[PDB]
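Shown next, in structure tokens, is the structure this report addresses.
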Amino acid sequence: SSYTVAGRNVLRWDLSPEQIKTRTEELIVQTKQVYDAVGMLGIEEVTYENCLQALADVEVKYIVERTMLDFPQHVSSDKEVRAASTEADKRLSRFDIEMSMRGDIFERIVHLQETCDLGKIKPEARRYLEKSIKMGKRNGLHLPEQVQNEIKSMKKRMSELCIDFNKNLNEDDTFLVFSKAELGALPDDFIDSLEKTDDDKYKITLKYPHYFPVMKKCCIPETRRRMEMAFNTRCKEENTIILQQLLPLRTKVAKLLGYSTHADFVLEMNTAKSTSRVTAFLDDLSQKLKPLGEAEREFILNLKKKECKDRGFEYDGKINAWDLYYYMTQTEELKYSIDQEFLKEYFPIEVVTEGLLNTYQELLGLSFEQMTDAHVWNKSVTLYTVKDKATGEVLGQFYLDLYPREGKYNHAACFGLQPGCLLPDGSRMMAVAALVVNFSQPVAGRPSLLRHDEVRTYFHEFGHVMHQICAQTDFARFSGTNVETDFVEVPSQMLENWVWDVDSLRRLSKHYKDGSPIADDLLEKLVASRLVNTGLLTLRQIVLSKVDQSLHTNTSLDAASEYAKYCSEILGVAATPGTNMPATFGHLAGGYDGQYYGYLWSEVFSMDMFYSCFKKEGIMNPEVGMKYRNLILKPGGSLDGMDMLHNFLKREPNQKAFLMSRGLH
Amino acid sequence: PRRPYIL
Ligand SMILES: [Zn+2]
């Protein structure tokens with residue numbers, strides 16, 4: 001029932017390695033049975049029922065079962081379970097290519113579109129047909145048989161390369177050993193949580209909860225340099241070899257399909273549409289940010305010269321890569337009086353979660369209830385049921401997986417586990433999502449204390465969760481966050497604005513010790529500090545976007561050299577000789593290839609909506625929130641990103657708010 | 001698979 005929860009989450013998280021292997025085989029056999037049955041139909045016999053509906057049905061069944069098999073590699077604490085899951089992901093990804101390349105299916109979907117009364121089928125069914133045909137042409141199914149076999153072979157290889165690329169980074173366990181003195185200015189609660197060695201030194205890993213604290217706060221330049229050298233050489237040799245195969249393969253299939261570059265190929269599926277629009281977008285933003293980057297680099301260099309003088313260190317006269325985070329942190333402390341380590345005392349994780357959940361219950365018209373004795377993949381994971389506040393409709397459930405552990409996905413992400421689409425019997429499937437982040441553990445007898453940037457990440461990922469749960473579509477392939485890649489960051493970055501509002505920040509904070517609120521003075525400074533270091537921070541994102549475009553435009557370039565080129569030309573901070581940041585650039589292998597610009601591209605839209613609609617009417621306004629839910633989140637991928645923006649804004653979006661939000665107007 | 005910024 002749309003108003004019950006029992007039995008609607010069919011996901012199981014107690015699978016052994018053998019069951020993951022067995023279920024993978026069974027899923028492939030059963031799913032191929034449907035595709036073979038459709039392909040056996042005479043072309044004159046295809047109907048909506050025996051072709052489109054049968055395919056839509058097996059698509060929702062397949063993707064939910066696939067979730068139980070390819071998700072454990074990210075969260076299970078059992079290493080053999082993670083391996084069986086990665087192995088299953090390899091098999092099912094090859095199977096996905098096989099089924100997508102079937103010419104007998106393509107011809108029947110084309111015949112169906114050409115012969116059915118398109119005015120009399122649901123708009124999303126019309127979209128299903130045209131998107132399926134477009135995908136078929138992007139797999140070469142309209143081209144001769146020899147080129148199809150060639151594309152299929154390269155797709156399978158590219159899939160194994162991408163999975164290996166991210167697997168290498170995910171399982172890397174590099175660590176460095178530092179004495180207490182070499183960790184100067186790092187706080188006791190950080191140092192006491194480190195693993196000790198026999199020589200009374202400390203182990204520091206390259207994971208994010210170790211790397212960035214050292215880079216932000218350690219006052220020993222040699223310590224920062226060694227950490228940066230190691231962090232930006234992770235998997236250097238094996239992932240360089242992968243890129244030297246993967247990037248040319250992307251160019252070759254793109255050229256076989258008729259596209260000039262791989263970037264042209266992927267841009268066609270994005271709201272930006274063309275690579276020349278991406279180039280103009282990045283280059284114009286870079287020009288506007290240039291004087292900001294110059295002023296920030298000049299202030300950082302003066303800070304470094306003073307600190308090297310006042311402490312006796314040597315002064316090389318430049319900003320090295322391992323100096324950037326340290327002096328950006330200094331800039332924030334000096335110009336906005338923000339001590340992140342003091343501020344985190346006011347964001348204990350239970351207070352943040354409560355405030356986060358209450359904010360979006362009120363704004364989006366939802367109610368969240370935590371489930372007791374929930375079936376979860378790890379003891380620390382919690383489960384929540386999401387109901388529509390007004391009607392009681394059970395929209396979905398989400399898991400919160402908040403703390404680090406060995407073998408866990410070590411960045412931040414939201415995973416769609418069940419689509420909120422229609423089922424074979426006409427009922428609606430309950431959406432399921434998982435928020436997977438690595439927040440600080442409770443230490444020193446205190447609860448987990450979140451820095452403001454962790455609160456921001458918490459809101460960012462919860463925006464994705466809300467997109468996955470509120471989206472309701474007829475077809476699984478348009479469900480959840482299956483929008484354009486340069487549009488999927490719109491709902492996540494949208495919610496970030498609620499952590500830069502004074503009244504909202506008051507509801508998110510309470511001192512862990514005495515329960516007191518943040519002082520009004522510090523609250524105002526925290527909100528005003530949003531633009532601190534915005535020049536170099538945004539210029540760095542432009543570097544990454546330009547590098548991603550370039551590697552997928554000219555496939556002959558040395559990746560490390562092209563990264564170094566844009567660092568000095570755009571960021572003004574040279575890449576460390578001997579590093580290879582692209583070899584660690586997991587976005588290149590995780591669905592953001594040629595599309596990393598989409599983060600900045602999305603932020604234009606989210607800033608336009610927040611400024612034009614939420615700041616104007618009040619950011620907790622329930623009917624603006626409901627319009628946001630209905631017009632941006634609820635359609636999922638069943639509408640073009642630009643159509644949903646137009647539906648919400650009642651106009652074309654523009655850059656005015658984004659520029660104002662950055663200090664550029 | 002929807003992840004954030006690489007810092
Ligand atoms: Zn995101």
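Just remember, in the structure tokens the first chain shown is A, the second B, etc., residues are 1-based per chain, and ligands are 1-based in the order shown.
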I'd like the neighbourhood of stretch 401-403 of chain A as an MDAnalysis selection string, where a residue qualifies if any of its atoms comes within 9 Å (using only C-alpha atoms), though same-chain residues fewer than 3 positions away should be ignored.
chainID A and resid 75 378 380:382 434:441
Save out the residues we just selected, N, CA, C and O atoms, as a CSV table (one decimal), in the first residue's frame.
chain,number,residue,atom,x,y,z
A,75,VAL,N,30.0,-0.8,1.6
A,75,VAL,CA,29.6,-0.6,3.0
A,75,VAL,C,29.9,-1.8,3.9
A,75,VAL,O,29.9,-1.6,5.1
A,378,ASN,N,25.3,-2.7,8.8
A,378,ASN,CA,26.3,-2.4,9.8
A,378,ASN,C,25.5,-1.9,11.1
A,378,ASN,O,24.5,-1.2,11.0
A,380,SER,N,26.0,0.4,13.1
A,380,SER,CA,25.9,1.8,13.3
A,380,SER,C,25.0,2.5,12.3
A,380,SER,O,24.8,3.7,12.4
A,381,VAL,N,24.4,1.8,11.4
A,381,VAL,CA,23.5,2.3,10.4
A,381,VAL,C,22.1,2.4,11.0
A,381,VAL,O,21.6,1.5,11.7
A,382,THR,N,21.4,3.6,10.8
A,382,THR,CA,20.0,3.7,11.2
A,382,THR,C,19.1,3.9,10.0
A,382,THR,O,19.5,4.2,8.9
A,434,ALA,N,20.4,5.8,0.6
A,434,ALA,CA,21.4,5.6,1.6
A,434,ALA,C,22.3,6.8,1.6
A,434,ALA,O,22.9,7.1,0.6
A,435,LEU,N,22.5,7.5,2.8
A,435,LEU,CA,23.4,8.5,2.9
A,435,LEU,C,24.7,8.0,3.6
A,435,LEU,O,24.6,7.5,4.7
A,436,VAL,N,25.8,8.0,2.8
A,436,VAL,CA,27.0,7.4,3.2
A,436,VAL,C,28.1,8.5,3.3
A,436,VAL,O,28.6,9.0,2.3
A,437,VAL,N,28.5,8.8,4.5
A,437,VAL,CA,29.5,9.8,4.8
A,437,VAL,C,30.5,9.3,5.8
A,437,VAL,O,30.2,8.3,6.5
A,438,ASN,N,31.5,10.1,6.1
A,438,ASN,CA,32.6,9.7,7.1
A,438,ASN,C,32.8,10.9,8.0
A,438,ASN,O,33.7,11.7,7.9
A,439,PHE,N,31.9,11.0,9.0
A,439,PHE,CA,31.9,12.1,9.9
A,439,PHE,C,32.8,11.7,11.1
A,439,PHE,O,33.1,10.5,11.3
A,440,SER,N,33.3,12.7,11.8
A,440,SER,CA,34.2,12.4,12.9
A,440,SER,C,33.6,11.5,14.0
A,440,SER,O,32.4,11.6,14.3
A,441,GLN,N,34.4,10.5,14.5
A,441,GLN,CA,33.9,9.6,15.5
A,441,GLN,C,33.9,10.3,16.9
A,441,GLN,O,34.5,11.4,17.1
Checklist line | At most 8 Å from ligand 1 (only C-alpha atoms and all ligand atoms): residue list as an MDAnalysis selection string | finding: (chainID A and resid 413:414 460:461 464 488:489 492:493) or (chainID B and resid 2:5)
Output N, CA and C atoms for every residue in that selection, as an mmCIF file, in the first residue's frame.
data_model
loop_
_atom_site.group_PDB
_atom_site.id
_atom_site.type_symbol
_atom_site.label_atom_id
_atom_site.label_comp_id
_atom_site.auth_asym_id
_atom_site.auth_seq_id
_atom_site.Cartn_x
_atom_site.Cartn_y
_atom_site.Cartn_z
ATOM 1 N N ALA A 413 28.483 10.280 -0.220
ATOM 2 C CA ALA A 413 27.627 9.969 -1.356
ATOM 3 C C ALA A 413 26.235 9.591 -0.879
ATOM 4 N N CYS A 414 25.301 9.634 -1.820
ATOM 5 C CA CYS A 414 23.949 9.135 -1.638
ATOM 6 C C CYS A 414 23.697 8.086 -2.706
ATOM 7 N N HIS A 460 24.229 18.662 2.021
ATOM 8 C CA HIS A 460 24.415 18.357 0.607
ATOM 9 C C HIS A 460 23.910 16.954 0.282
ATOM 10 N N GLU A 461 24.390 15.953 1.020
ATOM 11 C CA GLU A 461 23.989 14.582 0.732
ATOM 12 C C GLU A 461 22.516 14.345 1.039
ATOM 13 N N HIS A 464 20.383 15.005 -1.877
ATOM 14 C CA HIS A 464 20.280 13.858 -2.772
ATOM 15 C C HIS A 464 19.257 12.853 -2.260
ATOM 16 N N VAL A 488 22.197 16.863 -11.594
ATOM 17 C CA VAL A 488 21.971 16.079 -10.391
ATOM 18 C C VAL A 488 22.501 16.777 -9.143
ATOM 19 N N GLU A 489 23.450 17.703 -9.284
ATOM 20 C CA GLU A 489 23.953 18.447 -8.135
ATOM 21 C C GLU A 489 23.079 19.633 -7.762
ATOM 22 N N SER A 492 21.281 18.893 -4.302
ATOM 23 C CA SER A 492 22.224 18.758 -3.198
ATOM 24 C C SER A 492 22.827 20.107 -2.820
ATOM 25 N N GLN A 493 23.321 20.857 -3.809
ATOM 26 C CA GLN A 493 23.882 22.173 -3.522
ATOM 27 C C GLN A 493 22.802 23.153 -3.084
ATOM 28 N N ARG B 2 26.074 9.249 -6.777
ATOM 29 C CA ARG B 2 26.098 10.708 -6.824
ATOM 30 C C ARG B 2 26.911 11.222 -5.643
ATOM 31 N N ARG B 3 28.110 11.728 -5.930
ATOM 32 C CA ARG B 3 29.088 12.118 -4.923
ATOM 33 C C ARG B 3 29.343 13.623 -4.989
ATOM 34 N N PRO B 4 30.138 14.212 -4.064
ATOM 35 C CA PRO B 4 30.322 15.665 -4.100
ATOM 36 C C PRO B 4 31.616 16.082 -4.781
ATOM 37 N N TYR B 5 31.904 17.383 -4.707
ATOM 38 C CA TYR B 5 33.195 17.971 -5.045
ATOM 39 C C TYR B 5 34.366 17.061 -4.694
#
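Distances to chain B were evaluated for A:549, A:232, A:286, A:367 using only C-alpha atoms, and the minimum falls at A:232.
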Do a neighbour search on residue B:7 at 10 Å with only C-alpha atoms, toss out local chain neighbours closer than 3 positions, and write the hits as a compact mmCIF listing (two decimals) with N, CA, C and O atoms, in the first residue's frame.
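After the write, selection38.txt holds the following:
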# COMPACT_ATOMS: atom_id res chain seq x y z
N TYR A 208 40.41 10.96 4.10
CA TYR A 208 40.01 12.35 4.31
C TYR A 208 40.00 12.78 5.78
O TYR A 208 40.43 13.91 6.05
N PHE A 212 43.01 16.04 5.58
CA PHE A 212 42.67 17.46 5.57
C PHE A 212 42.95 18.13 6.91
O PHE A 212 43.45 19.26 6.92
N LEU A 537 39.33 28.63 -4.08
CA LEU A 537 38.49 27.44 -4.00
C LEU A 537 37.73 27.21 -5.30
O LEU A 537 37.68 26.08 -5.81
N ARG A 540 40.15 26.39 -8.18
CA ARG A 540 40.54 24.99 -8.15
C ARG A 540 39.50 24.10 -8.82
O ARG A 540 39.85 23.18 -9.57
N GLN A 541 38.21 24.35 -8.56
CA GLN A 541 37.18 23.57 -9.23
C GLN A 541 37.20 23.79 -10.74
O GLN A 541 36.92 22.86 -11.51
N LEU A 544 39.92 21.54 -12.19
CA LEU A 544 39.46 20.17 -12.34
C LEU A 544 38.48 20.02 -13.51
O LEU A 544 38.54 19.03 -14.25
N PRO B 4 30.14 14.21 -4.06
CA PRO B 4 30.32 15.67 -4.10
C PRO B 4 31.62 16.08 -4.78
O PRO B 4 32.33 15.25 -5.36
| request: Please identify all polymer residues within 8 Å of stretch 48-62 of chain A, counting only C-alpha atoms, omitting same-chain residues fewer than 3 positions from it, and present them as JSON, numbers by chain. | output: {"A": [27, 31, 34, 35, 38, 65, 66, 108, 109, 112, 419, 421, 423, 424, 475, 476, 477]}
| said: DSSP on the backbone, helix (DSSP H, G or I) only: what residues of stretch 340-456 of chain A does that give? Format it as a list in words. | reply: residues 340, 341, 342, 343, 344, 345, 346, 349, 350, 351, 352, 353, 354, 355, 356, 357, 358, 359, 360, 361, 362, 363, 364, 452, 453, 454, 455 and 456 of chain A
How would the residues just chosen look if you wrote them out with N, CA, C and O atoms as a compact mmCIF listing (two decimals), in the first residue's frame?
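Final file, selection-v8.txt:
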# COMPACT_ATOMS: atom_id res chain seq x y z
N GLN A 340 37.35 26.66 13.50
CA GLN A 340 36.50 25.51 13.22
C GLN A 340 36.50 24.52 14.38
O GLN A 340 35.48 23.86 14.63
N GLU A 341 37.62 24.40 15.10
CA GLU A 341 37.71 23.43 16.19
C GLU A 341 36.96 23.89 17.43
O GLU A 341 36.53 23.05 18.23
N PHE A 342 36.81 25.20 17.63
CA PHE A 342 35.90 25.69 18.66
C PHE A 342 34.45 25.57 18.20
O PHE A 342 33.57 25.16 18.97
N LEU A 343 34.19 25.93 16.94
CA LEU A 343 32.83 25.93 16.42
C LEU A 343 32.19 24.55 16.49
O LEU A 343 30.99 24.41 16.74
N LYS A 344 32.99 23.49 16.27
CA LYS A 344 32.43 22.15 16.22
C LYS A 344 31.83 21.72 17.56
O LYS A 344 31.00 20.79 17.58
N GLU A 345 32.22 22.36 18.66
CA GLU A 345 31.62 22.06 19.95
C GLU A 345 30.13 22.34 19.97
O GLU A 345 29.41 21.80 20.82
N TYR A 346 29.64 23.18 19.06
CA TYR A 346 28.23 23.53 18.99
C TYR A 346 27.46 22.67 18.01
O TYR A 346 26.24 22.84 17.89
N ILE A 349 26.54 15.63 16.78
CA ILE A 349 25.89 15.03 15.62
C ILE A 349 24.40 14.80 15.86
O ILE A 349 23.59 14.93 14.93
N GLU A 350 24.01 14.48 17.09
CA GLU A 350 22.59 14.26 17.37
C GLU A 350 21.80 15.55 17.24
O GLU A 350 20.66 15.54 16.76
N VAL A 351 22.39 16.67 17.66
CA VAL A 351 21.71 17.96 17.50
C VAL A 351 21.63 18.34 16.03
O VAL A 351 20.64 18.92 15.58
N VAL A 352 22.68 18.03 15.26
CA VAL A 352 22.68 18.37 13.84
C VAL A 352 21.64 17.54 13.09
O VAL A 352 20.87 18.07 12.29
N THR A 353 21.61 16.23 13.35
CA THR A 353 20.63 15.37 12.70
C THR A 353 19.21 15.81 13.01
O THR A 353 18.38 15.95 12.10
N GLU A 354 18.91 16.04 14.29
CA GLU A 354 17.58 16.52 14.69
C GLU A 354 17.22 17.80 13.96
O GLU A 354 16.13 17.92 13.39
N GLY A 355 18.13 18.78 13.95
CA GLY A 355 17.85 20.03 13.27
C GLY A 355 17.73 19.86 11.77
O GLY A 355 16.90 20.51 11.12
N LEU A 356 18.57 19.00 11.18
CA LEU A 356 18.49 18.74 9.75
C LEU A 356 17.15 18.11 9.38
O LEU A 356 16.49 18.54 8.42
N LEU A 357 16.73 17.08 10.12
CA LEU A 357 15.47 16.41 9.82
C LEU A 357 14.28 17.33 10.01
O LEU A 357 13.35 17.33 9.19
N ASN A 358 14.29 18.14 11.07
CA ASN A 358 13.18 19.05 11.32
C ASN A 358 13.07 20.11 10.23
O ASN A 358 11.97 20.51 9.85
N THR A 359 14.21 20.58 9.72
CA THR A 359 14.20 21.63 8.70
C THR A 359 13.46 21.16 7.46
O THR A 359 12.65 21.91 6.89
N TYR A 360 13.70 19.93 7.03
CA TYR A 360 13.13 19.46 5.77
C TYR A 360 11.80 18.75 5.94
O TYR A 360 11.05 18.64 4.97
N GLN A 361 11.47 18.31 7.16
CA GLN A 361 10.07 18.01 7.46
C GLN A 361 9.21 19.25 7.24
O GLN A 361 8.20 19.20 6.52
N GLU A 362 9.61 20.38 7.83
CA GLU A 362 8.84 21.61 7.72
C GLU A 362 8.85 22.15 6.30
O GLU A 362 7.80 22.48 5.74
N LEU A 363 10.04 22.25 5.69
CA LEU A 363 10.15 22.90 4.39
C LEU A 363 9.45 22.10 3.30
O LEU A 363 8.72 22.66 2.48
N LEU A 364 9.68 20.79 3.26
CA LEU A 364 9.19 19.95 2.17
C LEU A 364 7.87 19.27 2.50
O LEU A 364 7.34 18.54 1.65
N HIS A 452 31.71 22.90 10.64
CA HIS A 452 30.68 23.49 9.81
C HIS A 452 30.69 22.90 8.40
O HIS A 452 29.63 22.70 7.80
N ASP A 453 31.88 22.59 7.87
CA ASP A 453 31.94 21.99 6.54
C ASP A 453 31.37 20.58 6.52
O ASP A 453 30.92 20.12 5.47
N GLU A 454 31.37 19.89 7.66
CA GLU A 454 30.73 18.59 7.73
C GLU A 454 29.21 18.73 7.82
O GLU A 454 28.47 17.91 7.26
N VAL A 455 28.73 19.76 8.52
CA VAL A 455 27.31 20.08 8.49
C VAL A 455 26.87 20.38 7.06
O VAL A 455 25.81 19.92 6.61
N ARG A 456 27.69 21.14 6.33
CA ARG A 456 27.38 21.44 4.93
C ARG A 456 27.30 20.16 4.10
O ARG A 456 26.34 19.96 3.34
Find the residues around residue A:552 up to 6 Å (only C-alpha atoms counted), leave out those fewer than 6 positions away in its own chain, and share them as a PyMOL selection string.
chain A and resi 262-263+594
Which neighbours of residue A:491 fall inside 9 Å, counting only C-alpha atoms, when residues of the same chain fewer than 6 positions from it are skipped, and could you give them as a list in words? residues 460, 463, 464, 466, 467, 602, 606, 632 and 633 of chain A
